[PDB]
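Coordinates as given in coords.txt (compact mmCIF, C-alpha atoms):
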# COMPACT_ATOMS: atom_id res chain seq x y z
CA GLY G 1 1.51 -5.25 23.61
CA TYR G 2 0.05 -7.16 20.64
CA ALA G 3 1.18 -6.01 17.20
CA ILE G 4 -0.50 -6.89 13.89
CA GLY G 5 0.58 -6.14 10.34
CA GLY G 6 0.08 -7.12 6.74
CA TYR G 7 2.25 -7.19 3.65
CA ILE G 8 1.72 -4.48 1.03
CA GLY G 9 2.69 -4.82 -2.60
CA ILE G 10 4.13 -1.92 -4.59
CA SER G 11 2.65 -1.49 -8.06
CA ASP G 12 4.41 1.66 -9.32
CA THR G 13 7.35 3.37 -7.68
CA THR G 14 6.73 6.72 -5.97
CA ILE G 15 7.32 8.52 -2.66
CA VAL G 16 5.11 7.59 0.29
CA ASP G 17 3.89 10.29 2.66
CA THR G 18 1.18 8.74 4.82
CA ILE G 19 -0.22 5.41 5.99
CA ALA G 20 -3.77 4.41 6.86
CA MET G 21 -5.55 1.66 8.76
CA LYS G 22 -9.16 0.91 9.70
CA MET G 23 -9.42 0.66 13.48
CA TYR G 24 -11.11 2.08 16.57
CA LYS G 25 -11.10 1.82 20.36
CA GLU G 26 -13.50 -0.35 22.35
CA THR G 27 -14.04 1.88 25.40
CA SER G 28 -14.00 5.67 25.62
CA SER G 29 -11.13 5.71 28.12
CA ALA G 30 -7.95 7.64 27.37
CA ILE G 31 -5.37 5.82 25.27
CA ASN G 32 -1.77 6.39 24.19
CA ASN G 33 1.24 4.54 22.76
CA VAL G 34 -0.62 3.43 19.63
CA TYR G 35 1.93 3.34 16.81
CA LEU G 36 1.61 2.73 13.09
CA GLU G 37 4.93 1.86 11.47
CA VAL G 38 6.25 0.75 8.08
CA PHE G 39 8.76 -2.04 7.44
CA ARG G 40 10.58 -2.75 4.20
CA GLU G 41 11.27 -6.39 3.35
CA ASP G 42 14.84 -6.96 2.19
CA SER G 43 16.03 -9.72 -0.15
CA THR G 44 16.49 -12.08 2.80
CA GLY G 45 12.95 -11.36 4.03
CA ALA G 46 14.04 -9.37 7.08
CA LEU G 47 11.95 -6.34 7.99
CA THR G 48 13.63 -2.96 8.50
CA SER G 49 11.77 -0.03 10.04
CA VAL G 50 11.76 3.09 7.86
CA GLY G 51 9.09 5.09 9.66
CA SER G 52 6.64 5.24 12.56
CA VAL G 53 3.95 7.58 13.84
CA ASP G 54 1.71 7.91 16.89
CA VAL G 55 -2.00 7.69 16.04
CA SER G 56 -3.55 7.37 19.51
CA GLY G 57 -4.51 11.04 19.60
CA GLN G 58 -6.78 11.00 16.54
CA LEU G 59 -8.44 7.63 17.23
CA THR G 60 -12.22 7.50 17.60
CA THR G 61 -14.59 5.02 19.22
CA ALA G 62 -16.53 4.60 15.98
CA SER G 63 -14.94 2.43 13.29
CA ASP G 64 -13.24 5.06 11.12
CA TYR G 65 -10.13 5.36 8.98
CA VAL G 66 -6.89 6.49 10.61
CA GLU G 67 -4.49 8.35 8.31
CA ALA G 68 -1.12 9.49 9.64
CA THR G 69 1.79 11.30 8.00
CA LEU G 70 5.24 9.76 8.16
CA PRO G 71 8.08 11.80 9.69
CA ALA G 72 9.77 11.83 6.27
CA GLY G 73 9.23 10.45 2.80
CA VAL G 74 10.28 6.85 2.16
CA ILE G 75 11.04 6.06 -1.47
CA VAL G 76 9.47 2.79 -2.63
CA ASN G 77 10.03 0.74 -5.77
CA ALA G 78 7.91 -1.77 -7.64
CA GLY G 79 8.65 -5.39 -6.76
CA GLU G 80 9.48 -4.93 -3.08
CA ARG G 81 7.12 -5.63 -0.18
CA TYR G 82 6.19 -3.46 2.78
CA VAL G 83 4.41 -4.12 6.07
CA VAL G 84 2.15 -1.68 7.92
CA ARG G 85 2.28 -2.66 11.60
CA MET G 86 0.00 -1.49 14.40
CA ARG G 87 1.76 -1.82 17.75
CA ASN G 88 -0.67 -0.78 20.53
CA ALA G 89 1.71 -0.71 23.50
CA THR G 90 -0.66 1.48 25.54
CA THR G 91 -0.39 2.09 29.28
CA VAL G 92 -4.02 2.63 30.35
CA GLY G 93 -5.02 -0.76 28.94
CA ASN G 94 -7.88 -0.01 26.52
CA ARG G 95 -7.93 -2.52 23.67
CA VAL G 96 -7.81 -1.62 19.98
CA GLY G 97 -10.15 -3.10 17.38
CA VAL G 98 -8.79 -3.42 13.84
CA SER A 1 42.19 35.58 -37.66
CA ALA A 2 40.12 33.82 -40.32
CA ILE A 3 41.82 30.48 -39.65
CA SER A 4 41.52 31.03 -35.90
CA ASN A 5 37.78 31.65 -36.30
CA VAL A 6 37.48 28.50 -38.40
CA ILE A 7 39.29 26.57 -35.65
CA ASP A 8 36.89 27.93 -33.03
CA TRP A 9 33.82 27.12 -35.13
CA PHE A 10 35.05 23.59 -35.81
CA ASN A 11 35.65 23.03 -32.10
CA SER A 12 32.13 24.29 -31.36
CA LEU A 13 30.71 21.95 -34.00
CA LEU A 14 32.61 19.00 -32.52
CA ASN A 15 31.27 19.84 -29.06
CA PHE A 16 27.74 19.98 -30.46
CA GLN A 17 28.32 16.68 -32.28
CA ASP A 18 29.44 14.79 -29.18
CA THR A 19 26.70 16.31 -27.02
CA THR A 20 24.03 15.35 -29.56
CA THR A 21 25.34 11.79 -29.89
CA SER A 22 25.44 11.35 -26.10
CA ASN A 23 21.94 12.81 -25.77
CA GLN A 24 20.60 10.46 -28.46
CA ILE A 25 22.14 7.42 -26.78
CA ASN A 26 20.85 8.47 -23.36
CA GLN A 27 17.35 9.18 -24.70
CA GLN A 28 17.06 5.82 -26.46
CA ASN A 29 18.34 3.99 -23.39
CA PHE A 30 15.81 5.90 -21.26
CA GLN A 31 13.03 4.83 -23.63
CA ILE A 32 14.09 1.19 -23.43
CA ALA A 33 14.45 1.23 -19.64
CA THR A 34 11.03 2.82 -19.16
CA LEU A 35 9.47 0.27 -21.51
CA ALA A 36 11.20 -2.61 -19.71
CA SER A 37 10.20 -1.52 -16.21
CA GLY A 38 6.98 0.13 -15.06
CA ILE A 39 3.73 -1.14 -13.58
CA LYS A 40 3.89 -4.39 -11.60
CA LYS A 41 1.14 -6.49 -10.06
CA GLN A 42 0.43 -5.87 -6.39
CA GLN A 43 0.81 -8.48 -3.68
CA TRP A 44 -2.87 -9.41 -3.41
CA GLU A 45 -3.35 -9.83 -7.17
CA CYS A 46 -0.45 -12.29 -7.42
CA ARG A 47 2.55 -13.70 -5.61
CA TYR A 48 4.89 -12.89 -8.49
CA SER A 49 5.70 -9.34 -9.57
CA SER I 1 44.28 17.55 -50.79
CA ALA I 2 42.52 20.45 -49.06
CA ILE I 3 39.49 20.22 -51.36
CA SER I 4 39.44 16.43 -51.00
CA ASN I 5 39.45 16.78 -47.20
CA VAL I 6 36.62 19.32 -47.42
CA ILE I 7 34.67 16.86 -49.59
CA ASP I 8 35.20 14.09 -47.03
CA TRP I 9 34.18 16.31 -44.12
CA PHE I 10 31.03 17.46 -45.93
CA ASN I 11 30.09 13.85 -46.68
CA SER I 12 30.62 12.96 -43.02
CA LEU I 13 28.47 15.91 -41.94
CA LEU I 14 25.70 14.88 -44.34
CA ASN I 15 25.82 11.32 -42.99
CA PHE I 16 25.56 12.66 -39.43
CA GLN I 17 22.70 14.94 -40.51
CA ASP I 18 20.60 12.16 -42.01
CA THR I 19 21.33 9.76 -39.14
CA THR I 20 20.32 12.37 -36.56
CA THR I 21 17.11 13.26 -38.40
CA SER I 22 16.16 9.59 -38.74
CA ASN I 23 16.94 8.98 -35.06
CA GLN I 24 14.82 11.96 -34.03
CA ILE I 25 11.86 10.76 -36.10
CA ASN I 26 12.22 7.21 -34.80
CA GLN I 27 12.47 8.31 -31.16
CA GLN I 28 9.44 10.59 -31.37
CA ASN I 29 7.36 7.94 -33.13
CA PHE I 30 8.43 5.31 -30.59
CA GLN I 31 7.45 7.55 -27.69
CA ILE I 32 4.08 8.34 -29.29
CA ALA I 33 3.43 4.63 -29.89
CA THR I 34 4.36 3.75 -26.31
CA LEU I 35 2.03 6.45 -24.98
CA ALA I 36 -0.79 5.25 -27.24
CA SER I 37 -0.40 1.61 -26.21
CA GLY I 38 0.39 0.21 -22.77
CA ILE I 39 -1.54 -1.18 -19.82
CA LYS I 40 -4.96 -2.66 -20.55
CA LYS I 41 -7.63 -3.81 -18.12
CA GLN I 42 -7.65 -7.55 -17.47
CA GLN I 43 -10.55 -9.86 -18.26
CA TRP I 44 -12.04 -9.89 -14.76
CA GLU I 45 -11.84 -6.14 -14.08
CA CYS I 46 -13.96 -5.37 -17.15
CA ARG I 47 -15.10 -6.97 -20.38
CA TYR I 48 -13.55 -4.41 -22.72
CA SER I 49 -9.81 -3.87 -23.03
CA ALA P 1 -13.35 2.79 -24.76
CA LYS P 2 -14.93 0.36 -27.25
CA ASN P 3 -13.59 1.90 -30.47
CA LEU P 4 -10.46 4.05 -30.73
CA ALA P 5 -8.14 5.24 -33.49
CA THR P 6 -5.37 2.63 -33.61
CA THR P 7 -2.06 4.49 -33.66
CA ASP P 8 0.56 2.77 -35.82
CA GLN P 9 3.14 1.50 -33.35
CA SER P 10 6.84 2.04 -34.00
CA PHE P 11 9.76 0.59 -32.05
CA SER P 12 13.50 1.20 -32.07
CA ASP P 13 16.54 -0.14 -30.24
CA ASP P 14 20.14 1.04 -30.40
CA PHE P 15 21.46 -2.20 -28.83
CA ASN P 16 23.74 -0.12 -26.63
CA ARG P 17 23.37 -1.76 -23.22
CA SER P 18 24.78 -4.57 -21.06
CA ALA P 19 22.46 -7.50 -21.85
CA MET P 20 19.84 -8.20 -24.50
CA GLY P 21 17.07 -7.89 -21.93
CA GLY P 22 13.47 -8.98 -21.68
CA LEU P 23 12.33 -7.02 -24.73
CA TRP P 24 13.63 -9.74 -27.09
CA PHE P 25 12.36 -13.30 -27.28
CA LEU P 26 15.48 -15.32 -28.10
CA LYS P 27 15.47 -18.64 -29.96
CA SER P 28 18.53 -20.40 -31.34
CA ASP P 29 19.58 -23.77 -32.69
CA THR P 30 22.70 -23.76 -30.48
CA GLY P 31 20.79 -24.75 -27.34
CA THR P 32 22.39 -22.57 -24.67
CA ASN P 33 23.71 -19.41 -26.36
CA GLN P 34 21.52 -16.68 -27.82
CA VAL P 35 21.92 -13.26 -29.44
CA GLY P 36 24.30 -11.30 -27.22
CA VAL P 37 25.02 -7.58 -27.16
CA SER P 38 28.71 -6.64 -27.05
CA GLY P 39 30.45 -3.34 -27.72
CA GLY P 40 27.08 -1.73 -28.32
CA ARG P 41 26.09 -4.14 -31.09
CA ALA P 42 24.06 -7.34 -31.26
CA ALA P 43 26.02 -10.39 -32.37
CA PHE P 44 26.35 -14.17 -32.10
CA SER P 45 27.39 -15.56 -28.72
CA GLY P 46 29.65 -18.59 -28.44
CA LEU P 47 31.79 -20.53 -30.90
CA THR P 48 29.06 -22.99 -31.90
CA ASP P 49 27.81 -23.34 -35.48
Please render this file's structure as structure tokens.
Amino acid sequence: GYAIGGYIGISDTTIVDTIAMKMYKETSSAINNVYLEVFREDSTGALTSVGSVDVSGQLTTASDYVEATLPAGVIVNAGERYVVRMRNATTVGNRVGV
Amino acid sequence: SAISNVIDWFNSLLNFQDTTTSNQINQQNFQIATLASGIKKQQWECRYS
Amino acid sequence: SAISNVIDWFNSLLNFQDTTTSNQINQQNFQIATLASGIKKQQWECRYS
Amino acid sequence: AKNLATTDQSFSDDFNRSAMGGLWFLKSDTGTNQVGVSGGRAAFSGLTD
């Protein structure tokens, strides 16, 4: 139930296809409902969701990169800001270490 | 028929003329826009773009 | 009058010809210069440009 | 890339857009008005001398 995210700058405009974060799981118990999502920051500073993906299946106990493909491409432009949020709304209760 | 052919050729030349002028204007504007925009500094390097 | 009009049209076509050639040369040279120049590494990333 | 053949830069501008833009450093003795593009041509902005 605790979500953490950071702002990402855009250097050159392109089409995004995947997002990555460095995280792992503390215990070896089964986990689910771990989501990585992307938010665009508007002019007013509000965050709008433009994509999300479940990454709980491919997580590993060892600290390793997690790369997940978005459902569809999200065009980005230089000058705007984006946030990659990890949600971790799991049901079993195993914590996530980022 | 000779005058009709001259009419057709002049119309074709006018079409080519306007297309070339429009293409030149569009190309130069594309150059200027690409030069104006482009790479911007990321968020961690600076606050400003 | 017909020959005078032909003279005027030929002069206009020559003007368009030279302007288009000059514009083509300028556009190509500008693109080549922009490709040659551009982003350079900052002072902290490396010593050389 | 210590040494490299310096390509002779060339630039062009048709002045065929909405505003002068960031590609031109503007300085005037008027105080507020600068070179303004209108009708696809650069010109003087304002009625000041």
- Message: Taking all atoms listed in the file into account, name the residue in G:58, G:81, G:92, G:68 that is nearest to residue A:44.
- Response: G:81
- Task: Just need the residues of chain G within 10 Å of chain A, counting only C-alpha atoms, so spit them out as a VMD selection string.
- Result: chain G and resid 7 to 13 77 to 82
- Near-residue P:15 list (10 Å; all atoms listed in the file; drop same-chain fewer than 5 positions) as a PyMOL selection string: (chain A and resi 25+28-29+32) or (chain P and resi 20-21+36-42)
Could you save those same residues with C-alpha atoms as a PDB file, keeping the file's coordinate frame?
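Generated output (again_22.pdb):
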ATOM      1  CA  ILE A  25      22.140   7.420 -26.780  1.00  0.00           C
ATOM      2  CA  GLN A  28      17.060   5.820 -26.460  1.00  0.00           C
ATOM      3  CA  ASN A  29      18.340   3.990 -23.390  1.00  0.00           C
ATOM      4  CA  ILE A  32      14.090   1.190 -23.430  1.00  0.00           C
TER       5      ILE A  32
ATOM      6  CA  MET P  20      19.840  -8.200 -24.500  1.00  0.00           C
ATOM      7  CA  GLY P  21      17.070  -7.890 -21.930  1.00  0.00           C
ATOM      8  CA  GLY P  36      24.300 -11.300 -27.220  1.00  0.00           C
ATOM      9  CA  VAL P  37      25.020  -7.580 -27.160  1.00  0.00           C
ATOM     10  CA  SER P  38      28.710  -6.640 -27.050  1.00  0.00           C
ATOM     11  CA  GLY P  39      30.450  -3.340 -27.720  1.00  0.00           C
ATOM     12  CA  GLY P  40      27.080  -1.730 -28.320  1.00  0.00           C
ATOM     13  CA  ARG P  41      26.090  -4.140 -31.090  1.00  0.00           C
ATOM     14  CA  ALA P  42      24.060  -7.340 -31.260  1.00  0.00           C
TER      15      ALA P  42
END
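Atom pair atom CA of residue G:84 / atom CA of residue G:31: separated by 20.3 Å.
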- Message: Residues within 10 Å of residue I:16, please, as a list in words. Count only C-alpha atoms; anything in the same chain fewer than 6 positions from it doesn't count.
- Response: residues 17 and 21 of chain A; 10 and 22 of chain I
- Message: Calculated over all atoms listed in the file, which of the candidates P:7, P:28, P:16, P:45 has the smallest distance to chain I?
- Response: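 Answer, going by the shortest atom-to-atom distance: P:7.
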- Note on the structure: In terms of all atoms listed in the file, the residue from I:5, I:27, I:12, I:19 at minimal distance from chain A is I:27
- Message: If the cut-off is 8 Å, can you tell me the residues of chain P near chain A, counting all atoms listed in the file? I'd like them as JSON, numbers by chain.
- Response: {"P": [13, 14, 16, 17, 22, 23]}
Store the residues picked out above, limited to C-alpha atoms, as a compact mmCIF listing (two decimals), in the frame of the given file.
# COMPACT_ATOMS: atom_id res chain seq x y z
CA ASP P 13 16.54 -0.14 -30.24
CA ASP P 14 20.14 1.04 -30.40
CA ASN P 16 23.74 -0.12 -26.63
CA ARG P 17 23.37 -1.76 -23.22
CA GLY P 22 13.47 -8.98 -21.68
CA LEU P 23 12.33 -7.02 -24.73
- Message: Set the distance at 10 Å and use only C-alpha atoms: which residues neighbour residue G:74 once local chain neighbours fewer than 6 positions away are removed? I'd like the list as a list in words.
- Response: residues 14, 15, 16, 17, 18, 38, 40, 50 and 51 of chain G
- Item | Nearest to residue G:60, chosen from G:28, G:48, G:43, G:94, with all atoms listed in the file counted in the distances |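 Result for the nearest residue to residue G:60: G:28.
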